[PDB]
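Undergrad: I am sharing data10.cif, which consists of mmCIF, C-alpha atoms:
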```cif
data_my_file
loop_
_atom_site.group_PDB
_atom_site.id
_atom_site.type_symbol
_atom_site.label_atom_id
_atom_site.label_comp_id
_atom_site.auth_asym_id
_atom_site.auth_seq_id
_atom_site.Cartn_x
_atom_site.Cartn_y
_atom_site.Cartn_z
ATOM 1 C CA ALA A 12 -5.134 -19.394 5.624
ATOM 2 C CA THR A 13 -5.619 -19.807 1.858
ATOM 3 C CA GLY A 14 -6.720 -17.192 -0.642
ATOM 4 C CA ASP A 15 -10.120 -18.877 -0.964
ATOM 5 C CA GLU A 16 -10.735 -18.591 2.785
ATOM 6 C CA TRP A 17 -9.691 -14.927 2.828
ATOM 7 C CA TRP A 18 -11.674 -13.741 -0.171
ATOM 8 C CA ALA A 19 -14.672 -15.749 1.080
ATOM 9 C CA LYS A 20 -14.719 -13.192 3.920
ATOM 10 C CA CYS A 21 -14.613 -10.191 1.578
ATOM 11 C CA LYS A 22 -17.371 -8.369 -0.297
ATOM 12 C CA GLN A 23 -17.615 -6.433 -3.553
ATOM 13 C CA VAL A 24 -18.963 -2.980 -4.361
ATOM 14 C CA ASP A 25 -19.468 -1.419 -7.772
ATOM 15 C CA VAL A 26 -16.990 1.387 -8.380
ATOM 16 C CA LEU A 27 -17.439 3.609 -11.446
ATOM 17 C CA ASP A 28 -17.549 1.105 -14.370
ATOM 18 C CA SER A 29 -16.002 -1.723 -12.343
ATOM 19 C CA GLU A 30 -16.067 -3.505 -8.992
ATOM 20 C CA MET A 31 -13.666 -3.565 -6.073
ATOM 21 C CA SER A 32 -13.313 -6.378 -3.550
ATOM 22 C CA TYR A 33 -12.598 -5.539 0.058
ATOM 23 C CA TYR A 34 -12.530 -6.921 3.567
ATOM 24 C CA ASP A 35 -15.082 -5.420 5.980
ATOM 25 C CA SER A 36 -15.140 -6.524 9.620
ATOM 26 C CA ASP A 37 -18.407 -4.686 10.426
ATOM 27 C CA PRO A 38 -20.522 -3.594 7.441
ATOM 28 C CA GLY A 39 -22.579 -0.438 7.982
ATOM 29 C CA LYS A 40 -21.060 0.755 11.276
ATOM 30 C CA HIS A 41 -19.976 4.325 12.041
ATOM 31 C CA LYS A 42 -17.805 3.381 15.035
ATOM 32 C CA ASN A 43 -14.004 3.677 15.032
ATOM 33 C CA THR A 44 -12.949 2.765 11.479
ATOM 34 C CA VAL A 45 -9.521 1.748 10.127
ATOM 35 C CA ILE A 46 -8.769 1.352 6.399
ATOM 36 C CA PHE A 47 -5.759 -0.810 5.397
ATOM 37 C CA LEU A 48 -4.081 0.014 2.043
ATOM 38 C CA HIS A 49 -1.763 -2.552 0.398
ATOM 39 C CA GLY A 50 0.731 -1.877 -2.414
ATOM 40 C CA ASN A 51 2.675 -3.702 -5.099
ATOM 41 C CA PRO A 52 2.280 -6.574 -5.842
ATOM 42 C CA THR A 53 0.039 -7.624 -2.976
ATOM 43 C CA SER A 54 -3.673 -7.365 -2.068
ATOM 44 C CA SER A 55 -5.862 -7.105 1.031
ATOM 45 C CA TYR A 56 -4.504 -10.602 1.791
ATOM 46 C CA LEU A 57 -1.302 -8.960 3.071
ATOM 47 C CA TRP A 58 -3.229 -7.707 6.113
ATOM 48 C CA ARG A 59 -4.857 -11.023 7.068
ATOM 49 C CA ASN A 60 -2.735 -11.664 10.196
ATOM 50 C CA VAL A 61 -2.594 -7.972 11.195
ATOM 51 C CA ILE A 62 -6.295 -7.130 11.108
ATOM 52 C CA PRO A 63 -7.331 -9.656 13.843
ATOM 53 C CA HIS A 64 -5.324 -7.613 16.389
ATOM 54 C CA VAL A 65 -7.218 -4.442 15.398
ATOM 55 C CA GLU A 66 -10.729 -5.840 14.753
ATOM 56 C CA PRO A 67 -11.871 -5.749 18.427
ATOM 57 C CA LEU A 68 -11.328 -1.971 18.527
ATOM 58 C CA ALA A 69 -12.506 -0.803 15.119
ATOM 59 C CA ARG A 70 -14.293 -1.712 11.928
ATOM 60 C CA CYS A 71 -11.415 -2.750 9.652
ATOM 61 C CA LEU A 72 -11.573 -2.333 5.884
ATOM 62 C CA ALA A 73 -9.018 -3.664 3.413
ATOM 63 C CA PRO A 74 -9.703 -3.012 -0.284
ATOM 64 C CA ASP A 75 -7.988 -4.692 -3.211
ATOM 65 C CA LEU A 76 -6.691 -1.921 -5.463
ATOM 66 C CA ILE A 77 -8.126 -1.872 -8.980
ATOM 67 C CA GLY A 78 -6.605 -4.580 -11.170
ATOM 68 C CA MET A 79 -5.298 -6.334 -8.044
ATOM 69 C CA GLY A 80 -6.583 -8.947 -5.633
ATOM 70 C CA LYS A 81 -10.215 -9.748 -6.525
ATOM 71 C CA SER A 82 -10.991 -6.258 -7.775
ATOM 72 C CA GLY A 83 -11.981 -5.718 -11.386
ATOM 73 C CA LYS A 84 -9.583 -5.402 -14.304
ATOM 74 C CA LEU A 85 -9.464 -2.328 -16.577
ATOM 75 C CA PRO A 86 -9.920 -3.074 -20.320
ATOM 76 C CA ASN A 87 -7.541 -0.266 -21.340
ATOM 77 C CA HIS A 88 -4.729 -1.577 -19.084
ATOM 78 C CA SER A 89 -3.946 1.912 -17.741
ATOM 79 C CA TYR A 90 -3.078 1.630 -14.041
ATOM 80 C CA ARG A 91 -1.181 4.808 -13.261
ATOM 81 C CA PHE A 92 -1.323 6.367 -9.790
ATOM 82 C CA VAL A 93 -4.146 8.627 -10.957
ATOM 83 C CA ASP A 94 -6.158 5.721 -12.381
ATOM 84 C CA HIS A 95 -5.791 3.894 -9.052
ATOM 85 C CA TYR A 96 -6.829 7.067 -7.222
ATOM 86 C CA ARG A 97 -10.005 7.526 -9.272
ATOM 87 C CA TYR A 98 -11.250 4.050 -8.279
ATOM 88 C CA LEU A 99 -9.910 4.118 -4.735
ATOM 89 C CA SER A 100 -11.435 7.514 -3.973
ATOM 90 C CA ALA A 101 -14.784 6.343 -5.350
ATOM 91 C CA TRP A 102 -14.487 3.264 -3.133
ATOM 92 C CA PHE A 103 -13.979 5.478 -0.079
ATOM 93 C CA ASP A 104 -17.298 7.128 -1.011
ATOM 94 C CA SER A 105 -19.052 3.748 -1.388
ATOM 95 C CA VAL A 106 -18.520 1.866 1.906
ATOM 96 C CA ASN A 107 -20.498 4.044 4.375
ATOM 97 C CA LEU A 108 -17.505 5.545 6.171
ATOM 98 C CA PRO A 109 -17.841 7.767 9.260
ATOM 99 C CA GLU A 110 -16.517 11.332 9.188
ATOM 100 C CA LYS A 111 -13.017 10.530 10.490
ATOM 101 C CA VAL A 112 -10.945 7.458 9.666
ATOM 102 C CA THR A 113 -7.514 6.015 10.423
ATOM 103 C CA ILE A 114 -5.413 4.962 7.409
ATOM 104 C CA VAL A 115 -2.900 2.092 7.746
ATOM 105 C CA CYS A 116 -0.770 1.922 4.604
ATOM 106 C CA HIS A 117 2.161 0.200 2.872
ATOM 107 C CA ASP A 118 4.168 0.857 -0.308
ATOM 108 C CA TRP A 119 1.926 2.383 -3.019
ATOM 109 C CA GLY A 120 -1.050 2.058 -0.718
ATOM 110 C CA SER A 121 0.780 4.710 1.254
ATOM 111 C CA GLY A 122 1.181 6.945 -1.774
ATOM 112 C CA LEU A 123 -2.572 6.661 -2.359
ATOM 113 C CA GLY A 124 -3.438 6.941 1.331
ATOM 114 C CA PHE A 125 -1.132 9.916 1.859
ATOM 115 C CA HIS A 126 -2.721 11.635 -1.144
ATOM 116 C CA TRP A 127 -6.282 10.872 -0.042
ATOM 117 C CA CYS A 128 -5.511 12.281 3.411
ATOM 118 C CA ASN A 129 -3.898 15.370 1.886
ATOM 119 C CA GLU A 130 -7.060 15.962 -0.168
ATOM 120 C CA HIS A 131 -9.402 15.206 2.766
ATOM 121 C CA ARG A 132 -7.476 16.779 5.627
ATOM 122 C CA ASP A 133 -10.506 17.097 7.924
ATOM 123 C CA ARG A 134 -11.306 13.368 7.820
ATOM 124 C CA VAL A 135 -8.020 11.925 9.161
ATOM 125 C CA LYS A 136 -7.999 10.673 12.734
ATOM 126 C CA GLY A 137 -4.506 9.205 12.327
ATOM 127 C CA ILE A 138 -2.042 7.561 9.914
ATOM 128 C CA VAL A 139 0.060 4.403 10.338
ATOM 129 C CA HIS A 140 2.571 3.910 7.524
ATOM 130 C CA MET A 141 5.325 1.393 6.853
ATOM 131 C CA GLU A 142 7.728 0.879 3.935
ATOM 132 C CA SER A 143 5.869 3.852 2.484
ATOM 133 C CA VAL A 144 6.222 6.370 -0.361
ATOM 134 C CA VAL A 145 7.134 9.469 1.648
ATOM 135 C CA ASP A 146 8.952 11.726 -0.820
ATOM 136 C CA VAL A 147 10.336 12.342 -4.257
ATOM 137 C CA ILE A 148 13.791 10.868 -4.814
ATOM 138 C CA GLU A 149 16.101 13.828 -5.508
ATOM 139 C CA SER A 150 19.526 12.401 -4.547
ATOM 140 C CA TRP A 151 20.147 8.678 -5.001
ATOM 141 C CA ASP A 152 22.619 8.357 -2.127
ATOM 142 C CA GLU A 153 19.814 8.760 0.441
ATOM 143 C CA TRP A 154 17.830 5.786 -0.937
ATOM 144 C CA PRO A 155 18.473 2.066 -1.480
ATOM 145 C CA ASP A 156 20.439 1.537 -4.688
ATOM 146 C CA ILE A 157 17.583 1.021 -7.145
ATOM 147 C CA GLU A 158 18.667 3.426 -9.918
ATOM 148 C CA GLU A 159 19.708 0.571 -12.193
ATOM 149 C CA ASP A 160 16.681 -1.564 -11.295
ATOM 150 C CA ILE A 161 14.307 1.262 -12.238
ATOM 151 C CA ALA A 162 15.846 1.978 -15.644
ATOM 152 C CA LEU A 163 15.660 -1.775 -16.278
ATOM 153 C CA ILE A 164 11.996 -1.957 -15.258
ATOM 154 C CA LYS A 165 11.082 1.013 -17.477
ATOM 155 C CA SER A 166 12.764 -0.766 -20.393
ATOM 156 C CA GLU A 167 11.043 -3.270 -22.666
ATOM 157 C CA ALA A 168 13.175 -5.978 -21.063
ATOM 158 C CA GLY A 169 11.390 -5.195 -17.801
ATOM 159 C CA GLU A 170 7.986 -5.487 -19.430
ATOM 160 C CA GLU A 171 9.023 -8.977 -20.516
ATOM 161 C CA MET A 172 10.214 -9.869 -17.011
ATOM 162 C CA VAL A 173 6.950 -8.733 -15.428
ATOM 163 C CA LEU A 174 4.261 -9.476 -18.018
ATOM 164 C CA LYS A 175 5.805 -12.767 -19.207
ATOM 165 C CA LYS A 176 7.942 -13.989 -16.271
ATOM 166 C CA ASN A 177 5.927 -12.454 -13.363
ATOM 167 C CA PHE A 178 9.126 -10.963 -11.886
ATOM 168 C CA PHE A 179 7.292 -9.086 -9.134
ATOM 169 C CA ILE A 180 5.341 -12.069 -7.777
ATOM 170 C CA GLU A 181 7.889 -14.835 -8.344
ATOM 171 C CA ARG A 182 11.141 -13.010 -7.498
ATOM 172 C CA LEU A 183 10.732 -9.607 -5.814
ATOM 173 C CA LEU A 184 8.008 -10.721 -3.401
ATOM 174 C CA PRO A 185 9.736 -13.748 -1.779
ATOM 175 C CA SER A 186 13.068 -11.884 -1.921
ATOM 176 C CA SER A 187 11.752 -9.405 0.621
ATOM 177 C CA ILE A 188 10.119 -11.723 3.155
ATOM 178 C CA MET A 189 12.472 -13.197 5.757
ATOM 179 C CA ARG A 190 10.537 -16.429 6.298
ATOM 180 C CA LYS A 191 9.358 -18.814 3.575
ATOM 181 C CA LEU A 192 5.694 -18.511 2.640
ATOM 182 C CA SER A 193 3.663 -21.677 2.412
ATOM 183 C CA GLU A 194 2.469 -22.858 -0.985
ATOM 184 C CA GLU A 195 -1.044 -21.755 0.015
ATOM 185 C CA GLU A 196 0.157 -18.255 0.926
ATOM 186 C CA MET A 197 2.163 -17.897 -2.295
ATOM 187 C CA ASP A 198 -0.782 -19.125 -4.365
ATOM 188 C CA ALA A 199 -2.897 -16.363 -2.820
ATOM 189 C CA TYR A 200 -0.433 -13.743 -4.039
ATOM 190 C CA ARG A 201 -0.294 -15.483 -7.429
ATOM 191 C CA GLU A 202 -4.068 -15.744 -7.933
ATOM 192 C CA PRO A 203 -4.690 -12.277 -9.497
ATOM 193 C CA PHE A 204 -1.827 -12.715 -11.969
ATOM 194 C CA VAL A 205 -1.947 -16.344 -13.143
ATOM 195 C CA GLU A 206 -2.874 -15.307 -16.701
ATOM 196 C CA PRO A 207 0.292 -14.186 -18.520
ATOM 197 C CA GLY A 208 0.313 -10.779 -20.138
ATOM 198 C CA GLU A 209 -1.864 -7.816 -19.252
ATOM 199 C CA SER A 210 -3.267 -9.195 -15.977
ATOM 200 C CA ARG A 211 0.202 -8.362 -14.548
ATOM 201 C CA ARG A 212 0.227 -4.767 -15.821
ATOM 202 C CA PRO A 213 -0.457 -3.191 -12.374
ATOM 203 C CA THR A 214 2.754 -4.789 -11.096
ATOM 204 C CA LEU A 215 4.728 -3.195 -13.958
ATOM 205 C CA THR A 216 3.148 0.280 -13.902
ATOM 206 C CA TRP A 217 3.632 0.724 -10.143
ATOM 207 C CA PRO A 218 7.472 0.817 -10.219
ATOM 208 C CA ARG A 219 7.339 2.968 -13.382
ATOM 209 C CA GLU A 220 5.476 5.579 -11.257
ATOM 210 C CA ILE A 221 8.364 5.918 -8.752
ATOM 211 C CA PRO A 222 8.809 9.727 -8.368
ATOM 212 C CA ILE A 223 12.422 10.422 -9.438
ATOM 213 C CA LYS A 224 13.200 14.162 -9.431
ATOM 214 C CA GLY A 225 14.102 14.503 -13.114
ATOM 215 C CA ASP A 226 12.775 11.174 -14.418
ATOM 216 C CA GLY A 227 9.068 11.998 -14.081
ATOM 217 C CA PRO A 228 6.239 11.246 -13.916
ATOM 218 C CA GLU A 229 5.563 14.903 -13.139
ATOM 219 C CA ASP A 230 1.975 14.283 -12.030
ATOM 220 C CA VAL A 231 3.132 11.805 -9.383
ATOM 221 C CA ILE A 232 6.071 14.057 -8.433
ATOM 222 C CA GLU A 233 3.820 16.954 -7.540
ATOM 223 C CA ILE A 234 1.221 14.785 -5.804
ATOM 224 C CA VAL A 235 3.976 13.340 -3.581
ATOM 225 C CA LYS A 236 5.685 16.715 -3.205
ATOM 226 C CA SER A 237 2.409 18.195 -1.945
ATOM 227 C CA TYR A 238 1.473 15.449 0.522
ATOM 228 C CA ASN A 239 5.047 15.324 1.852
ATOM 229 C CA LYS A 240 4.976 19.059 2.576
ATOM 230 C CA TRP A 241 1.629 18.733 4.363
ATOM 231 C CA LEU A 242 2.725 15.684 6.356
ATOM 232 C CA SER A 243 5.940 17.507 7.311
ATOM 233 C CA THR A 244 3.773 20.090 9.134
ATOM 234 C CA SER A 245 0.976 17.712 10.175
ATOM 235 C CA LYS A 246 1.411 18.609 13.833
ATOM 236 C CA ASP A 247 -2.095 17.563 14.889
ATOM 237 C CA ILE A 248 -2.364 14.348 12.848
ATOM 238 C CA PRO A 249 -1.200 11.431 15.033
ATOM 239 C CA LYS A 250 1.202 9.341 12.949
ATOM 240 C CA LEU A 251 2.823 5.954 13.540
ATOM 241 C CA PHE A 252 5.822 4.995 11.428
ATOM 242 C CA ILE A 253 6.390 1.250 11.712
ATOM 243 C CA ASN A 254 10.085 0.753 11.010
ATOM 244 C CA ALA A 255 11.204 -2.543 9.485
ATOM 245 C CA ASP A 256 14.685 -3.843 10.373
ATOM 246 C CA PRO A 257 16.545 -4.178 8.051
ATOM 247 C CA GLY A 258 13.641 -3.195 5.842
ATOM 248 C CA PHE A 259 14.166 -1.856 2.348
ATOM 249 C CA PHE A 260 12.937 1.755 2.223
ATOM 250 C CA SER A 261 12.753 2.026 6.026
ATOM 251 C CA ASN A 262 16.238 3.531 6.403
ATOM 252 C CA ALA A 263 15.432 6.284 3.881
ATOM 253 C CA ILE A 264 12.019 6.944 5.463
ATOM 254 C CA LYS A 265 13.663 7.329 8.865
ATOM 255 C CA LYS A 266 15.802 10.131 7.429
ATOM 256 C CA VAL A 267 12.977 11.755 5.448
ATOM 257 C CA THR A 268 10.483 11.711 8.325
ATOM 258 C CA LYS A 269 12.946 12.389 11.155
ATOM 259 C CA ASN A 270 11.554 15.859 11.904
ATOM 260 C CA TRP A 271 7.909 15.189 11.012
ATOM 261 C CA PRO A 272 5.777 16.452 13.916
ATOM 262 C CA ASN A 273 3.562 14.131 15.969
ATOM 263 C CA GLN A 274 5.177 10.898 14.771
ATOM 264 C CA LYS A 275 5.958 7.902 16.960
ATOM 265 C CA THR A 276 8.229 5.175 15.600
ATOM 266 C CA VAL A 277 8.085 1.463 16.367
ATOM 267 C CA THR A 278 10.617 -1.007 14.986
ATOM 268 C CA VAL A 279 9.823 -4.570 13.897
ATOM 269 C CA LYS A 280 11.740 -7.339 12.220
ATOM 270 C CA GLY A 281 11.209 -7.425 8.475
ATOM 271 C CA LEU A 282 12.387 -6.643 4.986
ATOM 272 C CA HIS A 283 9.949 -4.800 2.649
ATOM 273 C CA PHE A 284 6.872 -7.043 3.175
ATOM 274 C CA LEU A 285 7.179 -6.692 6.941
ATOM 275 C CA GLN A 286 3.574 -7.892 7.416
ATOM 276 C CA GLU A 287 4.604 -11.468 6.632
ATOM 277 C CA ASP A 288 7.419 -11.476 9.218
ATOM 278 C CA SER A 289 5.968 -9.521 12.158
ATOM 279 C CA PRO A 290 2.158 -9.366 11.826
ATOM 280 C CA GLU A 291 1.493 -9.752 15.548
ATOM 281 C CA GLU A 292 3.816 -6.914 16.580
ATOM 282 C CA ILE A 293 2.494 -4.710 13.776
ATOM 283 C CA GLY A 294 -1.092 -5.443 14.814
ATOM 284 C CA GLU A 295 -0.361 -4.783 18.507
ATOM 285 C CA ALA A 296 1.320 -1.491 17.585
ATOM 286 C CA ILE A 297 -1.724 -0.293 15.615
ATOM 287 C CA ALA A 298 -4.001 -1.204 18.533
ATOM 288 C CA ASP A 299 -1.702 0.746 20.884
ATOM 289 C CA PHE A 300 -1.917 3.685 18.461
ATOM 290 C CA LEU A 301 -5.710 3.377 18.397
ATOM 291 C CA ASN A 302 -5.920 3.300 22.189
ATOM 292 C CA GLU A 303 -3.591 6.299 22.422
ATOM 293 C CA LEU A 304 -6.163 8.014 20.177
ATOM 294 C CA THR A 305 -9.250 7.315 22.305
#
```
Represent the structure contained in this file as C-alpha cells.

TA:
Amino acid sequence: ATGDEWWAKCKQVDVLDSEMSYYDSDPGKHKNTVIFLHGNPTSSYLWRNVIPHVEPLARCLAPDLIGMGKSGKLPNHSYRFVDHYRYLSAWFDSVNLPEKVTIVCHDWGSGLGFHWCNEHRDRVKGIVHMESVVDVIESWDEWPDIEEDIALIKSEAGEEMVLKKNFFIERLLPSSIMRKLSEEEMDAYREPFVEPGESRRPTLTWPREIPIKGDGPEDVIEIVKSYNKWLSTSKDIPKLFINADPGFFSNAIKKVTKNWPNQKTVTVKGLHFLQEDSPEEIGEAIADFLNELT
C-alpha cells in the first residue's frame, strides 16, 4: 500500500492556526475508540497494517503529528514537545471523541500520549505502548549506548546530517526495520520530507528533546518525570507493553516498567520500528487487550 492510497483514506481538521491529517475508521461515532500515536520520523502510515486488526472492534484514529505526515507545517519551525502537545491536544478536542479512549503509542507518540493521559486521567480506558519514552535517562548504563549519538545530533554537524542529508529517514529508519521496505513504502516515509532544509526540522528536534537527567530540556524532564510517577502507580489503568525482540529501547523499558502495576507484556519480533516487522501480532495483541477490557 502506497502513501497515496493511505492518505486518500485520511481526513483533515483545522487545529489552531493549522491543519492536521488523520486516519478515522468511523467518523462521528462514540463507540469504543482507539487513538494510535506515531513518533519520529514516521506518520500515521506506520499503523497501516496494525489498524485493520483493531478496526472491527473500535473506531481507530491515527493522526499525523504537526509538521509530519500530511499535517501542516509551522512557519516558525519550532517543534518542541510542548509545541507538538499544543496541536495534538487541540486535535483530541476536535475529532468528537467519547469520554474514555484507549491510547496505542510508539516512540515520541508515547511521550505525548503518556502526557495527555497524565493530564486527563479520567478519560483513559487503557494504554498500549511499545518502544516508548517511559522515563528520564539518569544513568547511561541502563539504556542503549546513545550518549555519543545524542551529543552528535545536538551539534551543528547533526543539523547538517538531518536537514541536508535526511539522516533520520534515509539511515536511522531502515536501520531499525528487520525486513526491507518496498520502494513504495519508503517513498511514503519520505513524502513529508522531500524538500531539503526546514521540512525535516521535526526529525531533528525530536532527538534533541530526549530527557537526559542533567542535559535538559528541563520542561520535558519534568513532564516525563510526572507521567512516569503516575504510570508507576496506575493500578487501575490497564496497560499493555509490547516488547520488541531485540528491539532498541525495549530492554530498558522492561527494566523501567518491571514493577508498574496492571501491566501485561507481549513480545514480538522487531527492532525499533516493530510495526513494520510484526504488524499482525501487534494488531492481534491490541485486539486481545481490547477484548480483555470489555

Undergrad: Using all atoms listed in the file, what residues lie at most 8 Å away from (3.5, -14.6, -5.5) (file coordinates), given as a list in words?

TA: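 Nearby residues: residues 179, 180, 181, 184, 185, 197, 198, 199, 200 and 201 of chain A.
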
Undergrad: Enumerate, as a PyMOL selection string, the protein, DNA and RNA residues whose atoms approach (-2.3, -14.7, -15.7) to within 12 Å, taking into account all atoms listed in the file and the coordinate frame of the file.

TA: chain A and resi 78-79+84+173-177+180+200-212

Undergrad: Can you pull out every residue within 12 Å of residue 292 (chain A), counting all atoms listed in the file, but drop anything in the same chain fewer than 6 positions away, and send it as a short mmCIF file (atom, residue, chain, number, x, y, z; two decimals) with C-alpha atoms, in the frame of the given file?

TA:
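This went into result-v3.cif:
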```cif
data_model
loop_
_atom_site.label_atom_id
_atom_site.label_comp_id
_atom_site.auth_asym_id
_atom_site.auth_seq_id
_atom_site.Cartn_x
_atom_site.Cartn_y
_atom_site.Cartn_z
CA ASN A 60 -2.74 -11.66 10.20
CA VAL A 61 -2.59 -7.97 11.20
CA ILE A 62 -6.30 -7.13 11.11
CA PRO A 63 -7.33 -9.66 13.84
CA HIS A 64 -5.32 -7.61 16.39
CA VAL A 65 -7.22 -4.44 15.40
CA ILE A 253 6.39 1.25 11.71
CA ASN A 254 10.09 0.75 11.01
CA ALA A 255 11.20 -2.54 9.48
CA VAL A 277 8.09 1.46 16.37
CA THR A 278 10.62 -1.01 14.99
CA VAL A 279 9.82 -4.57 13.90
CA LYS A 280 11.74 -7.34 12.22
CA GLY A 281 11.21 -7.42 8.48
CA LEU A 285 7.18 -6.69 6.94
CA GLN A 286 3.57 -7.89 7.42
CA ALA A 298 -4.00 -1.20 18.53
CA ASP A 299 -1.70 0.75 20.88
#
```

Undergrad: Around all the atoms of region 49-60 of chain A listed in the file, with 8 Å of room on each side, what axis-aligned box do you get, giving centre and edge lengths in Å to one decimal, as JSON?

TA:
```
{"center_x": -1.6, "center_y": -6.8, "center_z": 2.2, "size_x": 24.5, "size_y": 25.8, "size_z": 32.0}
```

Undergrad: Carefully work through the PyMOL selection byres ((chain A and resi 247) around 12) for this structure and note down the residues it includes, as JSON, numbers by chain.

TA: {"A": [132, 133, 135, 136, 137, 138, 241, 242, 243, 244, 245, 246, 248, 249, 250, 271, 272, 273, 274, 304]}

Undergrad: Just C-alpha atoms for this one: save the residues we selected as a PDB file, in the coordinates of the input.

TA:
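Contents of out-v5.pdb, freshly written:
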```
ATOM      1  CA  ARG A 132      -7.476  16.779   5.627  1.00  0.00           C
ATOM      2  CA  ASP A 133     -10.506  17.097   7.924  1.00  0.00           C
ATOM      3  CA  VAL A 135      -8.020  11.925   9.161  1.00  0.00           C
ATOM      4  CA  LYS A 136      -7.999  10.673  12.734  1.00  0.00           C
ATOM      5  CA  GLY A 137      -4.506   9.205  12.327  1.00  0.00           C
ATOM      6  CA  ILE A 138      -2.042   7.561   9.914  1.00  0.00           C
ATOM      7  CA  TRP A 241       1.629  18.733   4.363  1.00  0.00           C
ATOM      8  CA  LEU A 242       2.725  15.684   6.356  1.00  0.00           C
ATOM      9  CA  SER A 243       5.940  17.507   7.311  1.00  0.00           C
ATOM     10  CA  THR A 244       3.773  20.090   9.134  1.00  0.00           C
ATOM     11  CA  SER A 245       0.976  17.712  10.175  1.00  0.00           C
ATOM     12  CA  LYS A 246       1.411  18.609  13.833  1.00  0.00           C
ATOM     13  CA  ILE A 248      -2.364  14.348  12.848  1.00  0.00           C
ATOM     14  CA  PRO A 249      -1.200  11.431  15.033  1.00  0.00           C
ATOM     15  CA  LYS A 250       1.202   9.341  12.949  1.00  0.00           C
ATOM     16  CA  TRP A 271       7.909  15.189  11.012  1.00  0.00           C
ATOM     17  CA  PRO A 272       5.777  16.452  13.916  1.00  0.00           C
ATOM     18  CA  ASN A 273       3.562  14.131  15.969  1.00  0.00           C
ATOM     19  CA  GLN A 274       5.177  10.898  14.771  1.00  0.00           C
ATOM     20  CA  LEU A 304      -6.163   8.014  20.177  1.00  0.00           C
TER      21      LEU A 304
END
```

Undergrad: Exactly which residues make up the result of the PyMOL selection byres ((chain A and resi 70-74) around 8) on this file, given as a ChimeraX atom specification?

TA: /A:31-38,40,42-49,54-55,58,62,65-66,68-69,75-76

Undergrad: At a cut-off of 10 Å, can you tabulate as a Markdown table every residue of region 48-83 of chain A near region 14-18 of chain A together with its closest atom pair and the distance in Å to one decimal, using all atoms listed in the file and ordering rows by chain then number?

TA:
```
| residue | atom | partner | partner_atom | distance |
| --- | --- | --- | --- | --- |
| A:55 | CA | A:17 | CA | 8.9 |
| A:56 | CA | A:17 | CA | 6.8 |
| A:59 | CA | A:17 | CA | 7.5 |
| A:80 | CA | A:18 | CA | 8.9 |
| A:81 | CA | A:18 | CA | 7.6 |
```

Undergrad: To test your reading of the syntax: which residues would the PyMOL selection byres ((chain A and resi 222) around 10) return for the file shown? Reply as a compact mmCIF listing (two decimals) with C-alpha atoms, in the frame of the given file.

TA:
```txt
# COMPACT_ATOMS: atom_id res chain seq x y z
CA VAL A 144 6.22 6.37 -0.36
CA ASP A 146 8.95 11.73 -0.82
CA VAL A 147 10.34 12.34 -4.26
CA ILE A 148 13.79 10.87 -4.81
CA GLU A 149 16.10 13.83 -5.51
CA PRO A 218 7.47 0.82 -10.22
CA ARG A 219 7.34 2.97 -13.38
CA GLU A 220 5.48 5.58 -11.26
CA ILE A 221 8.36 5.92 -8.75
CA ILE A 223 12.42 10.42 -9.44
CA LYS A 224 13.20 14.16 -9.43
CA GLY A 225 14.10 14.50 -13.11
CA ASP A 226 12.78 11.17 -14.42
CA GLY A 227 9.07 12.00 -14.08
CA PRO A 228 6.24 11.25 -13.92
CA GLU A 229 5.56 14.90 -13.14
CA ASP A 230 1.98 14.28 -12.03
CA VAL A 231 3.13 11.80 -9.38
CA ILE A 232 6.07 14.06 -8.43
CA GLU A 233 3.82 16.95 -7.54
CA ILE A 234 1.22 14.78 -5.80
CA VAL A 235 3.98 13.34 -3.58
CA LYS A 236 5.68 16.72 -3.20
```

Undergrad: Would you compute the distance between CA of residue 24 (chain A) and CA of residue 82 (chain A)? Give it in Å to one decimal.

TA: 9.3 Å

Undergrad: Take CA of residue 196 (chain A) and CA of residue 13 (chain A) and report the distance between them in Å, one decimal.

TA: 6.1 Å

Undergrad: Have a look at CA of residue 191 (chain A) and CA of residue 170 (chain A) and let me know their distance in Å, one decimal.

TA: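 Result for CA of residue 191 (chain A) versus CA of residue 170 (chain A): 26.6 Å, one decimal.
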
Undergrad: At a cut-off of 9 Å, using all atoms listed in the file, what residues contact residue 139 (chain A)? Leave out same-chain residues fewer than 3 positions from it and give the result as a list in words.

TA: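 Here the qualifying residues turn out to be residues 113, 114, 115, 116, 117, 249, 250, 251, 252, 253, 297 and 300 of chain A.
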
Undergrad: Could you tell me which of A:238, A:112, A:189, A:217 comes closest to residue 130 (chain A) if we count only C-alpha atoms?

TA: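 That would be A:238, the residue with the smallest distance to residue 130 (chain A).
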
Undergrad: Got a sec: who's within 7 Å of region 102-110 of chain A, counting all atoms listed in the file, leaving out chain neighbours fewer than 5 positions off, as a list in words?

TA: residues 26, 39, 41 and 134 of chain A

Undergrad: Could you write out that same residue set with C-alpha atoms as a short mmCIF file (atom, residue, chain, number, x, y, z; two decimals), in the frame of the given file?

TA:
```cif
data_model
loop_
_atom_site.label_atom_id
_atom_site.label_comp_id
_atom_site.auth_asym_id
_atom_site.auth_seq_id
_atom_site.Cartn_x
_atom_site.Cartn_y
_atom_site.Cartn_z
CA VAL A 26 -16.99 1.39 -8.38
CA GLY A 39 -22.58 -0.44 7.98
CA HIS A 41 -19.98 4.32 12.04
CA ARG A 134 -11.31 13.37 7.82
#
```
